[PDB]
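Okay, structure first, notes after.
For ligands, and for the atoms within them, numbers begin at 1 and follow the listed sequence. When reading the values below, keep in mind they use all heavy atoms of this one structure, side chains included, and skip hydrogens, waters and symmetry mates. One is the number of the first residue; the rest follow in order along the sequence.
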Amino acid sequence: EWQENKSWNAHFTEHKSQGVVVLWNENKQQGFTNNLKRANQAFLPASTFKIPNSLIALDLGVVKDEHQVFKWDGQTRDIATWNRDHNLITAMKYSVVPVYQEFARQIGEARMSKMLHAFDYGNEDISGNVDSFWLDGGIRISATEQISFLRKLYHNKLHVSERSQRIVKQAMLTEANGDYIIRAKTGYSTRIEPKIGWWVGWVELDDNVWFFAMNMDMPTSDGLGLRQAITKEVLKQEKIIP
Ligand SMILES: COC(=O)c1ccccc1-c1cccc(C(=O)O)c1
């Protein structure tokens, strides 16, 4: 069962933006979205792909654990936090593309493709360059498809070891307080129109889990903070967080 709630559209329009929020109640196995059509429209995953990429890299031994240091290659890039050493935790936190591009190159096309099919991830198409296909290649995934993938990850049901899934879920840790835990990954797709921002993950409560996946038009980087802000307004409206 799915239900549409266009009242959430107010949260996007107050910022003159457009997008979709998709919520899934795990206990009740019920979904909610403001836009059933956009909820099933497929976009580039961009840095949300760092979830599956991390899983594959860990399971194949490309990444040993969350402490392995990936040394900066010495190339100054326009994002300051990228010009330093990183481990899996910080590379996720700061969405350090060049680290994951090296992951992908060491994974290779053949194993990457076979693993995304085992994950049933989006359209499972890695066409493009192995080190950027999730940024300007052929891979596509919808908001509802994100939730389906994240739900498997939460239950350790993806076709990789339990360890790899626990480690990635640790690396996804974004916020935690006395009321909730959020594990999620942001995304920013700019190389192919339409330019969008992602935020996908779930909300852990004492007695339930709310999975979420949102994307929204993002014509400039100035609005990236809206990905979390709009999502949280929906969570508040549905009384999922205070
Ligand atoms: C693809 O383009 C950028 O990533 C980008 C471009 C301009 C300014 C900032 C970023 C950036 C950097 C780090 C994280 C995020 C994010 O929140 O996913 C975004």
Worksheet entry | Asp65 side-chain N/O to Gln68 backbone N/O, donor-acceptor pair under 3.5 Å | yes
Nearest neighbour in protein (non-hydrogen) for [atom]:
{"atom": "atom 14 (C) of ligand 1", "result": "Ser95 CB, 4.2 Å"}
{"atom": "atom 13 (C) of ligand 1", "result": "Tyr94 O, 4.1 Å"}
{"atom": "atom 8 (C) of ligand 1", "result": "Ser221 CB, 3.9 Å"}
{"atom": "atom 2 (O) of ligand 1", "result": "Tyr188 CD2, 3.3 Å"}

Between [X] and [Y], does any side-chain N to carboxylate O distance fall below 4.0 Å?
{"X": "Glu204", "Y": "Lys169", "value": "no"}
{"X": "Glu193", "Y": "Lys195", "value": "yes"}
{"X": "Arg105", "Y": "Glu102", "value": "yes"}
{"X": "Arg38", "Y": "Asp217", "value": "yes"}

Would you mind running through ligand 1 and noting each atom that sits below 4.0 Å from a heavy atom of [X]?
{"X": "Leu224", "result": "19 (C)"}
{"X": "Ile79", "result": "12 (C)"}
{"X": "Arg227", "result": "16 (C), 17 (O), 18 (O)"}

Item to complete: Could you tell me how the ring of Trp2 sits relative to the ring of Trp24: parallel (under 30°), tilted (30 to 60°) or perpendicular (over 60°)?
Response: tilted
